[PDB]
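Visitor: For reference, this is work-v1.csv, and it has CSV, N, CA and C atoms.
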chain,number,residue,atom,x,y,z
A,1,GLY,N,67.5,109.6,94.3
A,1,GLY,CA,68.7,109.9,95.0
A,1,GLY,C,69.8,108.9,94.8
A,2,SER,N,69.8,107.8,95.5
A,2,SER,CA,70.9,106.8,95.4
A,2,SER,C,70.3,105.4,95.5
A,3,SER,N,69.7,104.9,94.3
A,3,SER,CA,69.1,103.6,94.3
A,3,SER,C,69.2,103.0,92.9
A,4,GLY,N,70.2,102.2,92.6
A,4,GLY,CA,70.4,101.6,91.3
A,4,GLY,C,69.6,100.3,91.2
A,5,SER,N,68.6,100.3,90.3
A,5,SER,CA,67.7,99.2,90.1
A,5,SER,C,68.4,98.2,89.1
A,6,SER,N,68.8,97.0,89.6
A,6,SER,CA,69.4,96.0,88.8
A,6,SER,C,68.4,95.1,88.2
A,7,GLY,N,67.4,94.8,89.0
A,7,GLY,CA,66.3,93.9,88.5
A,7,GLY,C,66.4,92.6,89.2
A,8,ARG,N,67.6,92.0,89.1
A,8,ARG,CA,67.8,90.7,89.7
A,8,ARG,C,67.4,90.7,91.2
A,9,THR,N,66.3,90.0,91.5
A,9,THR,CA,65.9,89.9,92.9
A,9,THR,C,66.0,88.5,93.5
A,10,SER,N,66.4,88.4,94.7
A,10,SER,CA,66.6,87.1,95.4
A,10,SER,C,66.9,87.3,96.9
A,11,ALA,N,65.9,87.1,97.7
A,11,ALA,CA,66.1,87.3,99.1
A,11,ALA,C,66.3,85.9,99.8
A,12,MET,N,67.3,85.8,100.7
A,12,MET,CA,67.6,84.6,101.4
A,12,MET,C,68.1,84.9,102.8
A,13,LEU,N,67.3,84.4,103.8
A,13,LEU,CA,67.7,84.6,105.2
A,13,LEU,C,69.0,83.9,105.5
A,14,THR,N,69.8,84.6,106.3
A,14,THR,CA,71.1,84.0,106.7
A,14,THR,C,71.0,83.3,108.1
A,15,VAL,N,71.1,82.0,108.1
A,15,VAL,CA,71.0,81.2,109.3
A,15,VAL,C,72.4,80.9,109.9
A,16,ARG,N,72.5,80.5,111.1
A,16,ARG,CA,73.7,80.2,111.8
A,16,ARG,C,73.7,78.8,112.4
A,17,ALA,N,73.4,77.9,111.5
A,17,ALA,CA,73.4,76.5,111.9
A,17,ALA,C,74.1,75.6,110.9
A,18,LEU,N,74.2,74.3,111.3
A,18,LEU,CA,74.9,73.3,110.4
A,18,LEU,C,76.4,73.7,110.2
A,19,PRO,N,77.2,72.7,109.7
A,19,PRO,CA,78.6,73.0,109.4
A,19,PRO,C,78.8,73.8,108.2
A,20,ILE,N,80.1,74.2,108.0
A,20,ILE,CA,80.4,75.0,106.8
A,20,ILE,C,81.4,74.3,105.9
A,21,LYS,N,81.1,74.3,104.6
A,21,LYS,CA,81.9,73.7,103.6
A,21,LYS,C,82.4,74.7,102.6
A,22,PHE,N,83.2,74.2,101.6
A,22,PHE,CA,83.8,75.0,100.6
A,22,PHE,C,82.9,74.9,99.3
A,23,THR,N,82.6,76.0,98.7
A,23,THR,CA,81.8,76.1,97.5
A,23,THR,C,82.7,76.2,96.2
A,24,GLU,N,83.8,77.0,96.4
A,24,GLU,CA,84.7,77.2,95.3
A,24,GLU,C,86.2,77.1,95.8
A,25,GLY,N,86.7,75.9,96.0
A,25,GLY,CA,88.0,75.7,96.4
A,25,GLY,C,89.0,76.4,95.6
A,26,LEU,N,90.2,76.7,96.2
A,26,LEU,CA,91.3,77.4,95.5
A,26,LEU,C,91.6,76.8,94.1
A,27,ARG,N,92.1,77.5,93.2
A,27,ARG,CA,92.4,77.0,91.9
A,27,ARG,C,93.9,77.4,91.5
A,28,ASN,N,94.5,76.5,90.7
A,28,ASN,CA,95.9,76.7,90.3
A,28,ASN,C,96.1,78.1,89.6
A,29,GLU,N,96.6,79.1,90.3
A,29,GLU,CA,96.8,80.4,89.7
A,29,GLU,C,98.3,80.6,89.3
A,30,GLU,N,98.5,81.0,88.1
A,30,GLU,CA,99.8,81.2,87.6
A,30,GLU,C,100.1,82.7,87.4
A,31,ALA,N,101.3,83.2,87.9
A,31,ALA,CA,101.6,84.6,87.8
A,31,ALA,C,103.0,84.7,87.1
A,32,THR,N,103.4,86.0,86.8
A,32,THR,CA,104.7,86.3,86.2
A,32,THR,C,105.6,87.0,87.2
A,33,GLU,N,106.9,86.7,87.1
A,33,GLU,CA,107.9,87.3,87.9
A,33,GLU,C,107.8,88.9,87.9
A,34,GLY,N,108.0,89.5,89.1
A,34,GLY,CA,107.9,90.9,89.2
A,34,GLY,C,106.5,91.4,89.0
A,35,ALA,N,105.5,90.6,89.2
A,35,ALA,CA,104.1,90.9,89.1
A,35,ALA,C,103.4,90.8,90.4
A,36,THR,N,102.1,91.0,90.4
A,36,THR,CA,101.3,90.9,91.6
A,36,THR,C,100.3,89.7,91.5
A,37,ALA,N,100.5,88.7,92.4
A,37,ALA,CA,99.6,87.6,92.4
A,37,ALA,C,98.6,87.6,93.5
A,38,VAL,N,97.4,87.2,93.3
A,38,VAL,CA,96.3,87.3,94.3
A,38,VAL,C,95.3,86.1,94.1
A,39,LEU,N,95.1,85.3,95.1
A,39,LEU,CA,94.2,84.2,95.0
A,39,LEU,C,92.8,84.6,95.6
A,40,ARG,N,91.8,83.8,95.3
A,40,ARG,CA,90.4,84.1,95.8
A,40,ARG,C,89.6,82.8,95.9
A,41,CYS,N,88.8,82.7,96.9
A,41,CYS,CA,88.0,81.5,97.1
A,41,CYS,C,86.7,81.9,97.9
A,42,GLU,N,85.6,81.2,97.5
A,42,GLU,CA,84.3,81.4,98.1
A,42,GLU,C,83.9,80.3,99.1
A,43,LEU,N,83.4,80.6,100.2
A,43,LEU,CA,83.0,79.6,101.2
A,43,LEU,C,81.4,79.5,101.2
A,44,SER,N,81.0,78.5,102.0
A,44,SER,CA,79.5,78.3,102.2
A,44,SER,C,78.9,79.3,103.1
A,45,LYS,N,79.7,79.8,104.1
A,45,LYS,CA,79.2,80.7,105.0
A,45,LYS,C,80.3,81.5,105.6
A,46,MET,N,80.1,82.8,106.0
A,46,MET,CA,81.1,83.7,106.6
A,46,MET,C,81.7,83.0,107.8
A,47,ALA,N,83.1,83.0,107.8
A,47,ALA,CA,83.8,82.4,108.9
A,47,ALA,C,85.3,82.6,108.8
A,48,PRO,N,86.0,82.5,109.9
A,48,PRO,CA,87.5,82.7,109.9
A,48,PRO,C,88.3,81.7,109.2
A,49,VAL,N,89.4,82.0,108.6
A,49,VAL,CA,90.2,81.1,107.9
A,49,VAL,C,91.7,81.3,108.2
A,50,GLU,N,92.5,80.3,107.8
A,50,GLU,CA,94.0,80.4,108.1
A,50,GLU,C,94.8,79.9,106.9
A,51,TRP,N,95.6,80.8,106.4
A,51,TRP,CA,96.5,80.5,105.2
A,51,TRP,C,97.8,79.8,105.6
A,52,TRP,N,98.0,78.6,105.1
A,52,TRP,CA,99.2,77.9,105.4
A,52,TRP,C,100.0,77.7,104.2
A,53,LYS,N,101.3,77.4,104.4
A,53,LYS,CA,102.3,77.2,103.3
A,53,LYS,C,103.1,76.0,103.6
A,54,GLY,N,102.7,74.8,103.1
A,54,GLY,CA,103.5,73.6,103.3
A,54,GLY,C,103.4,73.1,104.7
A,55,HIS,N,104.1,73.7,105.6
A,55,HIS,CA,104.0,73.2,107.0
A,55,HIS,C,104.2,74.4,107.9
A,56,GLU,N,103.8,75.6,107.5
A,56,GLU,CA,103.9,76.8,108.3
A,56,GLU,C,102.8,77.8,108.1
A,57,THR,N,102.6,78.7,109.0
A,57,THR,CA,101.5,79.7,108.9
A,57,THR,C,102.0,81.0,108.4
A,58,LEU,N,101.2,81.7,107.6
A,58,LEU,CA,101.5,83.0,107.0
A,58,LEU,C,101.0,84.1,107.9
A,59,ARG,N,101.5,85.3,107.7
A,59,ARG,CA,101.1,86.5,108.4
A,59,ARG,C,100.7,87.6,107.4
A,60,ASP,N,100.0,88.6,108.0
A,60,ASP,CA,99.6,89.8,107.2
A,60,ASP,C,100.4,91.0,107.5
A,61,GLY,N,101.0,91.6,106.4
A,61,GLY,CA,101.8,92.8,106.6
A,61,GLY,C,101.8,93.7,105.4
A,62,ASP,N,103.0,94.0,104.9
A,62,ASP,CA,103.2,94.8,103.7
A,62,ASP,C,103.2,94.0,102.4
A,63,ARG,N,104.2,93.2,102.2
A,63,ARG,CA,104.3,92.4,101.0
A,63,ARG,C,103.1,91.5,100.9
A,64,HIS,N,102.6,91.0,102.0
A,64,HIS,CA,101.5,90.1,102.0
A,64,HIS,C,100.2,90.9,102.5
A,65,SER,N,99.2,91.0,101.7
A,65,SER,CA,98.0,91.7,102.0
A,65,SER,C,96.8,90.7,102.1
A,66,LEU,N,96.3,90.5,103.4
A,66,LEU,CA,95.2,89.6,103.6
A,66,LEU,C,93.9,90.3,103.7
A,67,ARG,N,92.9,90.0,102.9
A,67,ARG,CA,91.6,90.6,103.0
A,67,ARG,C,90.5,89.6,103.0
A,68,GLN,N,89.4,89.9,103.6
A,68,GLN,CA,88.2,89.0,103.6
A,68,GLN,C,86.9,89.8,103.6
A,69,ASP,N,85.9,89.4,102.9
A,69,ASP,CA,84.6,90.0,102.8
A,69,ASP,C,83.5,89.0,102.8
A,70,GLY,N,83.0,88.7,104.0
A,70,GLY,CA,81.9,87.8,104.1
A,70,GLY,C,82.3,86.4,103.8
A,71,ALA,N,81.9,85.9,102.6
A,71,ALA,CA,82.2,84.5,102.2
A,71,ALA,C,83.2,84.6,101.0
A,72,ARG,N,83.9,85.7,100.9
A,72,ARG,CA,84.9,85.8,99.8
A,72,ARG,C,86.3,86.2,100.4
A,73,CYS,N,87.2,85.3,100.5
A,73,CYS,CA,88.5,85.5,101.0
A,73,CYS,C,89.5,85.7,99.8
A,74,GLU,N,90.6,86.4,100.1
A,74,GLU,CA,91.6,86.6,99.1
A,74,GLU,C,93.0,86.9,99.8
A,75,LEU,N,94.1,86.7,99.1
A,75,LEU,CA,95.4,86.9,99.6
A,75,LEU,C,96.3,87.5,98.5
A,76,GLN,N,96.6,88.8,98.6
A,76,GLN,CA,97.5,89.5,97.7
A,76,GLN,C,98.9,89.4,98.1
A,77,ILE,N,99.8,89.3,97.1
A,77,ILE,CA,101.2,89.2,97.3
A,77,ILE,C,102.0,90.1,96.4
A,78,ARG,N,102.6,91.2,96.9
A,78,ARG,CA,103.4,92.1,96.1
A,78,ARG,C,104.9,91.7,96.1
A,79,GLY,N,105.6,92.0,95.0
A,79,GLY,CA,107.0,91.7,94.9
A,79,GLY,C,107.2,90.2,94.7
A,80,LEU,N,106.7,89.7,93.6
A,80,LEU,CA,106.8,88.3,93.3
A,80,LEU,C,108.3,87.9,93.1
A,81,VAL,N,108.6,86.6,92.9
A,81,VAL,CA,110.0,86.2,92.7
A,81,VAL,C,110.0,84.8,92.2
A,82,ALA,N,109.8,83.8,93.2
A,82,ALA,CA,109.8,82.4,92.8
A,82,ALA,C,109.6,81.6,94.1
A,83,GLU,N,110.2,82.1,95.2
A,83,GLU,CA,110.0,81.3,96.5
A,83,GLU,C,108.6,81.3,96.9
A,84,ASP,N,107.8,82.4,96.6
A,84,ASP,CA,106.4,82.5,97.0
A,84,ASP,C,105.6,81.3,96.5
A,85,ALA,N,106.1,80.7,95.4
A,85,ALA,CA,105.4,79.5,94.9
A,85,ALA,C,105.4,78.4,95.9
A,86,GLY,N,104.4,77.5,95.8
A,86,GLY,CA,104.3,76.4,96.7
A,86,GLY,C,102.8,75.9,96.8
A,87,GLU,N,102.5,75.4,98.0
A,87,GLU,CA,101.2,74.9,98.3
A,87,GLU,C,100.4,75.8,99.3
A,88,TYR,N,99.5,76.6,98.8
A,88,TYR,CA,98.7,77.5,99.7
A,88,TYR,C,97.5,76.8,100.2
A,89,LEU,N,97.4,76.7,101.5
A,89,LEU,CA,96.3,76.1,102.2
A,89,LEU,C,95.4,77.1,102.8
A,90,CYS,N,94.1,76.7,103.1
A,90,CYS,CA,93.1,77.5,103.7
A,90,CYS,C,92.1,76.8,104.5
A,91,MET,N,92.4,76.7,105.8
A,91,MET,CA,91.5,76.0,106.7
A,91,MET,C,90.4,76.9,107.3
A,92,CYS,N,89.1,76.5,107.1
A,92,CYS,CA,88.0,77.3,107.6
A,92,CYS,C,87.2,76.5,108.6
A,93,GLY,N,87.5,76.7,109.9
A,93,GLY,CA,86.7,76.0,110.9
A,93,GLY,C,87.1,74.6,111.0
A,94,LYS,N,86.5,73.8,110.1
A,94,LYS,CA,86.8,72.3,110.1
A,94,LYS,C,87.4,71.9,108.7
A,95,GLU,N,86.7,72.2,107.6
A,95,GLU,CA,87.1,71.9,106.3
A,95,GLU,C,88.4,72.6,106.0
A,96,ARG,N,89.0,72.2,104.8
A,96,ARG,CA,90.3,72.8,104.4
A,96,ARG,C,90.5,72.6,102.9
A,97,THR,N,91.3,73.5,102.3
A,97,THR,CA,91.6,73.4,100.9
A,97,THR,C,93.1,73.7,100.6
A,98,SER,N,93.5,73.4,99.4
A,98,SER,CA,94.9,73.6,99.0
A,98,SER,C,95.0,73.8,97.5
A,99,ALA,N,95.9,74.7,97.1
A,99,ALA,CA,96.1,75.0,95.6
A,99,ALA,C,97.6,75.0,95.3
A,100,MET,N,97.9,75.2,94.0
A,100,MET,CA,99.3,75.2,93.5
A,100,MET,C,99.6,76.5,92.8
A,101,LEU,N,100.3,77.4,93.4
A,101,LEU,CA,100.7,78.7,92.8
A,101,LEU,C,102.0,78.5,92.0
A,102,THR,N,102.0,79.0,90.8
A,102,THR,CA,103.2,78.9,89.9
A,102,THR,C,103.7,80.3,89.6
A,103,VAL,N,105.0,80.5,89.6
A,103,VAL,CA,105.6,81.8,89.3
A,103,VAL,C,106.5,81.7,88.1
A,104,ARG,N,106.1,82.4,87.0
A,104,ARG,CA,106.9,82.4,85.8
A,104,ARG,C,108.1,83.3,85.9
A,105,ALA,N,109.0,83.3,84.9
A,105,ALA,CA,110.1,84.2,84.9
A,105,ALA,C,109.9,85.4,84.0
A,106,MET,N,110.5,86.5,84.3
A,106,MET,CA,110.3,87.7,83.5
A,106,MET,C,110.9,87.5,82.1
A,107,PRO,N,110.5,88.4,81.2
A,107,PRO,CA,111.0,88.3,79.8
A,107,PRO,C,112.5,88.7,79.6
A,108,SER,N,113.3,87.8,79.1
A,108,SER,CA,114.7,88.0,78.9
A,108,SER,C,115.0,88.0,77.4
A,109,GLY,N,116.3,88.5,77.1
A,109,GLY,CA,116.7,88.5,75.7
A,109,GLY,C,116.1,89.7,75.0
A,110,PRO,N,116.3,89.7,73.7
A,110,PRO,CA,115.7,90.8,72.8
A,110,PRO,C,114.2,90.7,72.7
A,111,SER,N,113.6,91.7,73.3
A,111,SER,CA,112.1,91.8,73.2
A,111,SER,C,111.6,93.3,73.0
A,112,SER,N,110.5,93.4,72.4
A,112,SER,CA,109.9,94.7,72.1
A,112,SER,C,109.2,95.3,73.3
A,113,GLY,N,109.2,96.6,73.5
A,113,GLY,CA,108.6,97.3,74.6
A,113,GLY,C,109.4,98.4,75.2
Written as structure tokens, that's how I'd like the structure from this file.
Guide:
Amino acid sequence: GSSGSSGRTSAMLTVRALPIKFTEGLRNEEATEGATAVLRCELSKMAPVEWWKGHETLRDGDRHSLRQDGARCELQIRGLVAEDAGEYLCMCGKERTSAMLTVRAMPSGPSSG
């Protein structure tokens, strides 16, 4: 019916003890103007997080799409420009992380396409 056998087997019980740390901190992601940028990070255990920018908190709406799946968080941003660039933080319970997002400029002058 519906059972895709992958082969890779590995069972691990999920406990709810001890503190939570970061396994894959954010990484310097570079995007192009007029494009779509999206960051991703993996945690040690499922938990709430907060995206900060320099010295302010961000929100989820249209231009900014916030999504989370277990221990895999991500933040999509449509309608790039240049201001979006900066220092994206991510505090999870106690620990915290920060990255550097860069926004390039669209292709100008004589170009093929």
Visitor: Taking into account only C-alpha atoms, which residue in the set A:37, A:22, A:53, A:48 is nearest to residue 78 in chain A?
Guide: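 Using only C-alpha atoms, the shortest distance to residue 78 in chain A belongs to A:37.
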Visitor: Go through A:76, A:65, A:23, A:10 one by one, measure the shortest atom-to-atom distance of each to residue 39 in chain A using only N, CA and C atoms, and give the residue with the smallest value.
Guide: A:76
Visitor: As an exercise, work out the distance from atom C of residue 83 in chain A to atom N of residue 99 in chain A in Å and give it to one decimal place.
Guide: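 Going from atom C of residue 83 in chain A over to atom N of residue 99 in chain A, I get 14.3 Å.
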Visitor: Separation of atom C of residue 97 in chain A and atom N of residue 14 in chain A, in Å?
Guide: 26.3 Å
Visitor: In Å, rounded to a single decimal, give me how far atom N of residue 40 in chain A is from atom N of residue 58 in chain A.
Guide: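 Those two atoms sit 15.6 Å apart.
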Visitor: Counting only C-alpha atoms, figure out which residue out of A:89, A:18, A:35, A:11 gets nearest to residue 54 in chain A.
Guide: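 Looking only at the distances to residue 54 in chain A, the closest residue turns out to be A:89.
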Visitor: Which protein, DNA or RNA residues have an atom at most 8 Å from (102.5, 86.8, 96.1), counting only C-alpha atoms? List them as a list in words.
Guide: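 Within 8 Å of (102.5, 86.8, 96.1), the protein and nucleic acid residues are residues 36, 37, 38, 63, 64, 75, 76, 77, 78, 79, 80, 84 and 85 of chain A.
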Visitor: Can you spit out the residues from that selection as a tab-separated table (two decimals), in the coordinates of the input, using N, CA and C atoms?
Guide:
chain	number	residue	atom	x	y	z
A	36	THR	N	102.10	91.00	90.40
A	36	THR	CA	101.30	90.90	91.60
A	36	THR	C	100.30	89.70	91.50
A	37	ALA	N	100.50	88.70	92.40
A	37	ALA	CA	99.60	87.60	92.40
A	37	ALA	C	98.60	87.60	93.50
A	38	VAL	N	97.40	87.20	93.30
A	38	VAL	CA	96.30	87.30	94.30
A	38	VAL	C	95.30	86.10	94.10
A	63	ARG	N	104.20	93.20	102.20
A	63	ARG	CA	104.30	92.40	101.00
A	63	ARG	C	103.10	91.50	100.90
A	64	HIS	N	102.60	91.00	102.00
A	64	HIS	CA	101.50	90.10	102.00
A	64	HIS	C	100.20	90.90	102.50
A	75	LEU	N	94.10	86.70	99.10
A	75	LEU	CA	95.40	86.90	99.60
A	75	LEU	C	96.30	87.50	98.50
A	76	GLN	N	96.60	88.80	98.60
A	76	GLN	CA	97.50	89.50	97.70
A	76	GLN	C	98.90	89.40	98.10
A	77	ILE	N	99.80	89.30	97.10
A	77	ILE	CA	101.20	89.20	97.30
A	77	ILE	C	102.00	90.10	96.40
A	78	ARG	N	102.60	91.20	96.90
A	78	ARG	CA	103.40	92.10	96.10
A	78	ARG	C	104.90	91.70	96.10
A	79	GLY	N	105.60	92.00	95.00
A	79	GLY	CA	107.00	91.70	94.90
A	79	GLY	C	107.20	90.20	94.70
A	80	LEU	N	106.70	89.70	93.60
A	80	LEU	CA	106.80	88.30	93.30
A	80	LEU	C	108.30	87.90	93.10
A	84	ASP	N	107.80	82.40	96.60
A	84	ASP	CA	106.40	82.50	97.00
A	84	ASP	C	105.60	81.30	96.50
A	85	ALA	N	106.10	80.70	95.40
A	85	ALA	CA	105.40	79.50	94.90
A	85	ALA	C	105.40	78.40	95.90
Visitor: Using only C-alpha atoms, determine which residues lie at most 7 Å from range 26-30 of chain A, disregarding the query and same-chain residues fewer than 2 positions distant; provide the list as a PDB file with N, CA and C atoms, keeping the file's coordinate frame.
Guide:
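File produced: part-v5.pdb:
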ATOM      1  N   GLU A  24      83.800  77.000  96.400  1.00  0.00           N
ATOM      2  CA  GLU A  24      84.700  77.200  95.300  1.00  0.00           C
ATOM      3  C   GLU A  24      86.200  77.100  95.800  1.00  0.00           C
ATOM      4  N   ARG A  40      91.800  83.800  95.300  1.00  0.00           N
ATOM      5  CA  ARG A  40      90.400  84.100  95.800  1.00  0.00           C
ATOM      6  C   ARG A  40      89.600  82.800  95.900  1.00  0.00           C
ATOM      7  N   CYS A  41      88.800  82.700  96.900  1.00  0.00           N
ATOM      8  CA  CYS A  41      88.000  81.500  97.100  1.00  0.00           C
ATOM      9  C   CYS A  41      86.700  81.900  97.900  1.00  0.00           C
ATOM     10  N   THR A  97      91.300  73.500 102.300  1.00  0.00           N
ATOM     11  CA  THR A  97      91.600  73.400 100.900  1.00  0.00           C
ATOM     12  C   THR A  97      93.100  73.700 100.600  1.00  0.00           C
ATOM     13  N   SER A  98      93.500  73.400  99.400  1.00  0.00           N
ATOM     14  CA  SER A  98      94.900  73.600  99.000  1.00  0.00           C
ATOM     15  C   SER A  98      95.000  73.800  97.500  1.00  0.00           C
ATOM     16  N   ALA A  99      95.900  74.700  97.100  1.00  0.00           N
ATOM     17  CA  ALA A  99      96.100  75.000  95.600  1.00  0.00           C
ATOM     18  C   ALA A  99      97.600  75.000  95.300  1.00  0.00           C
ATOM     19  N   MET A 100      97.900  75.200  94.000  1.00  0.00           N
ATOM     20  CA  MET A 100      99.300  75.200  93.500  1.00  0.00           C
ATOM     21  C   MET A 100      99.600  76.500  92.800  1.00  0.00           C
ATOM     22  N   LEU A 101     100.300  77.400  93.400  1.00  0.00           N
ATOM     23  CA  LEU A 101     100.700  78.700  92.800  1.00  0.00           C
ATOM     24  C   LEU A 101     102.000  78.500  92.000  1.00  0.00           C
ATOM     25  N   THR A 102     102.000  79.000  90.800  1.00  0.00           N
ATOM     26  CA  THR A 102     103.200  78.900  89.900  1.00  0.00           C
ATOM     27  C   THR A 102     103.700  80.300  89.600  1.00  0.00           C
ATOM     28  N   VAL A 103     105.000  80.500  89.600  1.00  0.00           N
ATOM     29  CA  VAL A 103     105.600  81.800  89.300  1.00  0.00           C
ATOM     30  C   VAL A 103     106.500  81.700  88.100  1.00  0.00           C
TER      31      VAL A 103
END
Visitor: Quick one: of A:107, A:34, A:1, A:7, who's nearest to residue 81 in chain A, counting only N, CA and C atoms?
Guide: A:34
Visitor: Mind checking which residues fall within 8 Å of residue 72 in chain A, counting all atoms listed in the file, ignoring those fewer than 4 positions away in the same chain, and posting them as a PDB file with N, CA and C atoms, in the frame of the given file?
Guide:
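This is the output file out.pdb:
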ATOM      1  N   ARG A  40      91.800  83.800  95.300  1.00  0.00           N
ATOM      2  CA  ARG A  40      90.400  84.100  95.800  1.00  0.00           C
ATOM      3  C   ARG A  40      89.600  82.800  95.900  1.00  0.00           C
ATOM      4  N   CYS A  41      88.800  82.700  96.900  1.00  0.00           N
ATOM      5  CA  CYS A  41      88.000  81.500  97.100  1.00  0.00           C
ATOM      6  C   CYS A  41      86.700  81.900  97.900  1.00  0.00           C
ATOM      7  N   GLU A  42      85.600  81.200  97.500  1.00  0.00           N
ATOM      8  CA  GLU A  42      84.300  81.400  98.100  1.00  0.00           C
ATOM      9  C   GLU A  42      83.900  80.300  99.100  1.00  0.00           C
ATOM     10  N   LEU A  43      83.400  80.600 100.200  1.00  0.00           N
ATOM     11  CA  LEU A  43      83.000  79.600 101.200  1.00  0.00           C
ATOM     12  C   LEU A  43      81.400  79.500 101.200  1.00  0.00           C
ATOM     13  N   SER A  44      81.000  78.500 102.000  1.00  0.00           N
ATOM     14  CA  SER A  44      79.500  78.300 102.200  1.00  0.00           C
ATOM     15  C   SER A  44      78.900  79.300 103.100  1.00  0.00           C
ATOM     16  N   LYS A  45      79.700  79.800 104.100  1.00  0.00           N
ATOM     17  CA  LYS A  45      79.200  80.700 105.000  1.00  0.00           C
ATOM     18  C   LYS A  45      80.300  81.500 105.600  1.00  0.00           C
ATOM     19  N   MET A  46      80.100  82.800 106.000  1.00  0.00           N
ATOM     20  CA  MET A  46      81.100  83.700 106.600  1.00  0.00           C
ATOM     21  C   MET A  46      81.700  83.000 107.800  1.00  0.00           C
ATOM     22  N   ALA A  47      83.100  83.000 107.800  1.00  0.00           N
ATOM     23  CA  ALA A  47      83.800  82.400 108.900  1.00  0.00           C
ATOM     24  C   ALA A  47      85.300  82.600 108.800  1.00  0.00           C
ATOM     25  N   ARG A  67      92.900  90.000 102.900  1.00  0.00           N
ATOM     26  CA  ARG A  67      91.600  90.600 103.000  1.00  0.00           C
ATOM     27  C   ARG A  67      90.500  89.600 103.000  1.00  0.00           C
ATOM     28  N   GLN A  68      89.400  89.900 103.600  1.00  0.00           N
ATOM     29  CA  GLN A  68      88.200  89.000 103.600  1.00  0.00           C
ATOM     30  C   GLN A  68      86.900  89.800 103.600  1.00  0.00           C
TER      31      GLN A  68
END
Visitor: As a compact mmCIF listing (two decimals) with N, CA and C atoms, in the coordinates of the input, please: all residues of range 61-102 of chain A that backbone DSSP puts in strand (DSSP E or B).
Guide:
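Writing done, so here's result-v6.txt:
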# COMPACT_ATOMS: atom_id res chain seq x y z
N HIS A 64 102.60 91.00 102.00
CA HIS A 64 101.50 90.10 102.00
C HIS A 64 100.20 90.90 102.50
N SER A 65 99.20 91.00 101.70
CA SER A 65 98.00 91.70 102.00
C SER A 65 96.80 90.70 102.10
N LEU A 66 96.30 90.50 103.40
CA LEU A 66 95.20 89.60 103.60
C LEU A 66 93.90 90.30 103.70
N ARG A 67 92.90 90.00 102.90
CA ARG A 67 91.60 90.60 103.00
C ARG A 67 90.50 89.60 103.00
N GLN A 68 89.40 89.90 103.60
CA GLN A 68 88.20 89.00 103.60
C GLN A 68 86.90 89.80 103.60
N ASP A 69 85.90 89.40 102.90
CA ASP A 69 84.60 90.00 102.80
C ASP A 69 83.50 89.00 102.80
N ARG A 72 83.90 85.70 100.90
CA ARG A 72 84.90 85.80 99.80
C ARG A 72 86.30 86.20 100.40
N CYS A 73 87.20 85.30 100.50
CA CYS A 73 88.50 85.50 101.00
C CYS A 73 89.50 85.70 99.80
N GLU A 74 90.60 86.40 100.10
CA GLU A 74 91.60 86.60 99.10
C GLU A 74 93.00 86.90 99.80
N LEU A 75 94.10 86.70 99.10
CA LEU A 75 95.40 86.90 99.60
C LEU A 75 96.30 87.50 98.50
N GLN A 76 96.60 88.80 98.60
CA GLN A 76 97.50 89.50 97.70
C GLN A 76 98.90 89.40 98.10
N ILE A 77 99.80 89.30 97.10
CA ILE A 77 101.20 89.20 97.30
C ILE A 77 102.00 90.10 96.40
N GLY A 86 104.40 77.50 95.80
CA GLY A 86 104.30 76.40 96.70
C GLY A 86 102.80 75.90 96.80
N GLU A 87 102.50 75.40 98.00
CA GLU A 87 101.20 74.90 98.30
C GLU A 87 100.40 75.80 99.30
N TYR A 88 99.50 76.60 98.80
CA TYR A 88 98.70 77.50 99.70
C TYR A 88 97.50 76.80 100.20
N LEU A 89 97.40 76.70 101.50
CA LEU A 89 96.30 76.10 102.20
C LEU A 89 95.40 77.10 102.80
N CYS A 90 94.10 76.70 103.10
CA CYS A 90 93.10 77.50 103.70
C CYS A 90 92.10 76.80 104.50
N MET A 91 92.40 76.70 105.80
CA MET A 91 91.50 76.00 106.70
C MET A 91 90.40 76.90 107.30
N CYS A 92 89.10 76.50 107.10
CA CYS A 92 88.00 77.30 107.60
C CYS A 92 87.20 76.50 108.60
N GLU A 95 86.70 72.20 107.60
CA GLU A 95 87.10 71.90 106.30
C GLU A 95 88.40 72.60 106.00
N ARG A 96 89.00 72.20 104.80
CA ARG A 96 90.30 72.80 104.40
C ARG A 96 90.50 72.60 102.90
N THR A 97 91.30 73.50 102.30
CA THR A 97 91.60 73.40 100.90
C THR A 97 93.10 73.70 100.60
N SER A 98 93.50 73.40 99.40
CA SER A 98 94.90 73.60 99.00
C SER A 98 95.00 73.80 97.50
N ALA A 99 95.90 74.70 97.10
CA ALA A 99 96.10 75.00 95.60
C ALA A 99 97.60 75.00 95.30
N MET A 100 97.90 75.20 94.00
CA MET A 100 99.30 75.20 93.50
C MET A 100 99.60 76.50 92.80
N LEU A 101 100.30 77.40 93.40
CA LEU A 101 100.70 78.70 92.80
C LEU A 101 102.00 78.50 92.00
N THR A 102 102.00 79.00 90.80
CA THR A 102 103.20 78.90 89.90
C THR A 102 103.70 80.30 89.60
Visitor: So which residues are close to (87.4, 80.1, 107.3), meaning at most 7 Å away in the file's coordinates with only N, CA and C atoms counted, and can you show them as a list in words?
Guide: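 Selection result: residues 46, 47, 48, 49, 50, 90, 91, 92, 93 and 94 of chain A.
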